[PDB]
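K.L.:
Quick one: experimental structure and sequence below.
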Amino acid sequence: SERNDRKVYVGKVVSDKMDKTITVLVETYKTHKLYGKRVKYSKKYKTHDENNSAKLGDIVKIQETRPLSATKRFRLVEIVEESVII
Amino acid sequence: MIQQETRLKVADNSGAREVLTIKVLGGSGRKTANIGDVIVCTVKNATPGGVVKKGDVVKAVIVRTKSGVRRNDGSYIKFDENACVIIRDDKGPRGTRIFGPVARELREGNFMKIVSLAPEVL
Amino acid sequence: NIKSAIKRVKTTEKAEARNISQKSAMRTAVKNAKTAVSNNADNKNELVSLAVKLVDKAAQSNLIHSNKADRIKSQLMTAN
Amino acid sequence: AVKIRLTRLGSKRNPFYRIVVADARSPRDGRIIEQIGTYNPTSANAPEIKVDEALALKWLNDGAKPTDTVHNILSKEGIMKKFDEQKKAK
RNA sequence: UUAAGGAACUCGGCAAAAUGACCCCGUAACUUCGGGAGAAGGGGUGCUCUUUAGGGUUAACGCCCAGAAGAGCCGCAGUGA
RNA sequence: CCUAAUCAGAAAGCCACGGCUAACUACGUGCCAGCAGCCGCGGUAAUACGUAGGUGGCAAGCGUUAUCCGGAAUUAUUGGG
RNA sequence: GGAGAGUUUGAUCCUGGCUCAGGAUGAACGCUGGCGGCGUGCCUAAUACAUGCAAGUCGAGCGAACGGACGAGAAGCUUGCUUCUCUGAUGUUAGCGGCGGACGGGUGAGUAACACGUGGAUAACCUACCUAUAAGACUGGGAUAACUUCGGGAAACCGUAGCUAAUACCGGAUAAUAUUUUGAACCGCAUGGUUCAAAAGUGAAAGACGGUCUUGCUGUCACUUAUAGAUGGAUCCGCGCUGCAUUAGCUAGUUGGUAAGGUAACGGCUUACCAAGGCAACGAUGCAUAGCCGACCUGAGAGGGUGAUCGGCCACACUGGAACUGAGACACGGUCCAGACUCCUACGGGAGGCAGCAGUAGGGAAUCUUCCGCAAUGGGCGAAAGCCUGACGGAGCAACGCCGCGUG
Ligand SMILES: [Mg+2]
Ligand SMILES: [Mg+2]
């Protein structure tokens, strides 16, 4: 169906040491109900890489997929910015 | 044949699972016993709950003997195990059930409450 | 207690016997089919086209219903 | 299995039915899909009613067995004259 | 060797019987951290057929070595003594 | 529900009265019986005990007990040290 | 829209705790007592339960029995009795078969998680009935309950030998996007999707009632295939959602891949192989406690506490497990099994499940009538009348609460 511009989430990578797979750490910062401030807590979304194309430390975003396996759903869509020693 | 210091299973709703045969009531120093013979036993273990407890001492009536009895028709019988049932000289038990089938020659001794309950008179 | 469903009991037993005969007749037909894949004569087309008729002679009633039938045809109409 | 129908809402003795579309599986006094119209069998005889009569036809065009107690008043408002005037049109 | 019972014998389980090999799972208290620990407890093991991993040795042939998977056969019992 | 008839005849109590709290006098009592939410009364003249009278509150409802929030700025981001 | 008062000391100001005044209860207890309107009533033992009802309906689909209005021939003459023959209206219900029993009602033991709420997705799904549309609605057969007859069975119920039908069941014919296979165009969020062309593939009740009546014709309903619509359901996702760190390592089908199988569908959902990853102080895990939400109480407000009634979601049905029918259940009044419990028995063996309405015992400080009715609304079957409806309307008991009048 053509309705969803999928949930696109920027992130960076934490591993490539599994087949067809990487582990993005997308991150945000969200407020706290009692107070009125902001603070940042991360997650670790697993992923389906096509052939382990992109790297560790890479800067990439993703999209909703469908359940492909047990505790990985998302795809890769587009690596934005790749580099080595920083 | 059942005798002093012999461990048995049981059949009833006691809270107990096996016993010990102190003495084998009858005569003047009987050694033995078979089907029908009341005995004086105690308790060496227990499942939880139930009326009776460890260290207790009560009577019992033997049934399901492993060297069975000869019927006067010339037929015999044999179980695999030994067992007993608890009793209070009503010649009616404490328990509410009887697992583990029964030998019928109890009937001569005028026991019928446990024969009401036993699958099967055999 | 029981009131009326005793009807649906007897009916359930009749349709039990019927339905299992349909299904298992198919399953043996499929066994023949897959076993005919190894073979070289034909001896395949008769059997496989027959069974692919039977799937539908028996699918309209029971719980399969179509999607899984179409998966069975999907794999089985191709292996020969 | 979809039936416009009535959902009494008053308390003890003064009921105020509501017209509403629903699937028959549900309870009466519970869950619905969308209200339309209303009803009030007293405080004025003949009753006091409203009606959508704009989208109330929507639910009939795509399926309903509207009950008789409703069918009566829809006739009293006469929207069913448009309903059949399209259905038995062709 | 011995059915039923199983230390009641007995100064005392003296003696006798039971356990016992290989592999696998697992393995408490306490501890001078090394151990306890083979703890305990528990399981499998035979012949045939098929398929497969293999390693050493050689030009290669074949000669050796010891695993896995399935499928079957028998007898009460497969480290059958 | 309405309409006419009949009789003020059937239809009122609970708690508290030192302060906190609106609401005082007499008897008995004498560190005894007792009250108590707090502070505290009581050892022969008790406005705090028990009794009466009267008063205040409250109402076909009233007092006590248990629970929750408030007052609590006594977890304080508004709102602390 | 918001208030302070007391209390440590010989007397003082501070910091600091405790107590009081107010409001509220699914409330009990003491005292007392007139009435009406409205609303409520096992918060504990998810403990066990006698007695009654709580889900059937269609003869306008079917075979088969009862029935006897009406008509009438002889009559034993008792001139209306009746023998048979019987004409057969209206009706019934045992049975087969179709749809419903899964909705509706009831409780909250479990559950710390996509269970719940909220916002999303499905180029990873399903969907009887009801609507709309299009097409069809051909040709055959064999059995079987009731019913007769035999036997075993205490009873439960079981089998024997004939016989009968159907919108029952089974074949064939025919039927497109429905499955494989081939190619052109078009499209995108990646796997993929939409349409067109060509080879193989499956159905139906010859049905019932009615009018015209040529029994033709055609109608209402009904059946089948297909495409939609809507409805109901499913999975996935982001976020919020409890307490302890005197709970800091957990996990091996775990995590990832390959293939197969499986399911409506995706997926370690499950098998065989390769691999050693995965999760965690941003609190994994383990532990005790608990159904959640809309909302209710309070407070000026931020906030604090609870999850009664009413409504939405979920799980459960003596405990536990599995599966058939079916569109949908792994089934609240259905089965099968094992278990505990209660019960009947000729002792061979069988029967049952109120956390449905009432009601009983039991515990507890404490929570009611074994009510009338289907008029209404909503259900279920039907062509309709109609039938069933302890849902529900509505009477009864409790000062349990709110509101109101008065005892002049
Ligand atoms: Mg021994
Ligand atoms: Mg010993």
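P.N.:
Looks like it arrived, so ask away. Residues are numbered from 1 along each chain as shown, chains lettered A, B, ... in the order given. Ligands and ions are numbered 1, 2, ... in the order given.
K.L.:
RNA strand F contacts on chain A?
P.N.:
Listed as neighbours of RNA strand F in chain A under the rule Cβ under 7 Å from any atom of the strand: A:34-36. All C-beta spots, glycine's among them, are computed from the backbone N, C-alpha and C.
K.L.:
number of nearby residues for the residue of chain B found nearest RNA strand G?
P.N.:
RNA strand G sits closest to residue B:120 of chain B, with a gap of 4.1 Å, by Cβ to the nearest atom of the strand. The criterion is other Cβ atoms under 10 Å in any protein chain shown. On that basis, residue B:120 has 8 neighbouring residues.
K.L.:
how about it, what does it touch?
P.N.:
B:101-102 (Cβ atoms under 8 Å, 6 or more residues apart in numbering or on different chains).
K.L.:
element containing residue C:53, please.
P.N.:
Here residue C:53 is covered by helix C:45-59, with elements defined by DSSP states H and E.
K.L.:
Which residues does that helix contact?
P.N.:
By Cβ under 8 Å, 6+ apart, the surrounding residues in contact with helix C:45-59 are C:22-23, C:25-26, C:29-30, C:32-33, C:36, C:65-66, C:69, C:72-73, C:76-77, C:80.
K.L.:
And the residue of chain A closest to RNA strand E?
P.N.:
Among the residues of chain A, residue A:19 lies nearest to RNA strand E; the distance is 22.1 Å by Cβ to the nearest atom of the strand.
K.L.:
And chain D, by the same measure?
P.N.:
residue D:25 (49.1 Å).
K.L.:
Show the contacting residues for that residue.
P.N.:
Contacts were defined as Cβ under 8 Å, 6+ apart; by that measure residue D:25 touches residue D:1.
K.L.:
do the same with residue D:65
P.N.:
Contacts were defined as Cβ under 8 Å, 6+ apart; by that measure residue D:65 touches D:2-3.
K.L.:
That one: which element?
P.N.:
With secondary structure defined by DSSP H and E, residue D:65 is part of neither a helix nor a strand.
K.L.:
returning to what we had before: give me the subset of the contacts of helix C:45-59 lying in helices.
P.N.:
Counted as lying in helices by DSSP state H, out of the contacts of helix C:45-59, are C:22-23, C:25-26, C:29-30, C:32-33, C:36, C:69, C:72-73, C:76.
K.L.:
for chain A, what spans make up the helices?
P.N.:
Assignment of helices within chain A using DSSP H yields no ranges at all.
K.L.:
For it, just list every one of the strands.
P.N.:
Taking DSSP state E as the criterion, chain A contains strands spanning A:9-13, A:23-25, A:30-31, A:38-39, A:45-48, A:59-63, A:74-81.
K.L.:
what about the residue in chain C that RNA strand F sits nearest to, how many neighbours?
P.N.:
Residue nearest to RNA strand F within chain C: residue C:1 (45.3 Å; Cβ to the nearest atom of the strand). Other residues near residue C:1 come to 2 when the count uses other Cβ under 10 Å.
K.L.:
hmm, stretch A:32-46 in reach of RNA strand G?
P.N.:
Yes: Stretch A:32-46 lies within reach of RNA strand G by Cβ under 7 Å from any atom of the strand, at A:33-34, A:40-46.
K.L.:
now the residue of chain C closest to RNA strand F, what's its secondary structure?
P.N.:
Using DSSP: H, G, I helix; E, B strand; the rest coil, the three-state assignment for residue C:1 comes out as coil.
K.L.:
ok, now which residue in chain A is the farthest from the centroid?
P.N.:
For chain A, the largest distance from the centre (Cα atoms, centre = their mean) belongs to residue A:34, which lies 29.7 Å off.
K.L.:
Break down chain D into its strands, ranges please.
P.N.:
Remark: strands of chain D, listed N- to C-terminal, are D:5-6, D:19-20; assignment by DSSP E.
K.L.:
Show me what the last one is packed against.
P.N.:
Contacting strand D:19-20 under the criterion 3 or more Cβ pairs under 8 Å, 6 or more residues apart in numbering or on different chains; DSSP states H and E are the following elements: strand D:5-6.
K.L.:
So which residues make contact with the strand it packs on?
P.N.:
By Cβ under 8 Å, 6+ apart, the list of residues contacting strand D:5-6 reads D:17-20, D:22, D:24, D:28, D:39, D:67, D:69-70.
K.L.:
the helices in chain D, which residues?
P.N.:
Per DSSP H, chain D has helices spanning D:56-62, D:68-77, D:79-87. These are given in chain order.
K.L.:
which residue is nearest the centroid of the chain?
P.N.:
In the absence of a named chain, chain A is used. The centre of chain A sits closest to residue A:24, judged by Cα atoms, centre = their mean, with a distance of 3.9 Å.
K.L.:
look at chain D instead
P.N.:
residue D:19 (4.0 Å).
K.L.:
For that residue, which non-adjacent residue is spatially closest?
P.N.:
Spatial nearest neighbour of residue D:19, chain neighbours left out: residue D:37 (4.0 Å); criterion: Cβ to Cβ, 6 or more residues apart in numbering or on different chains.
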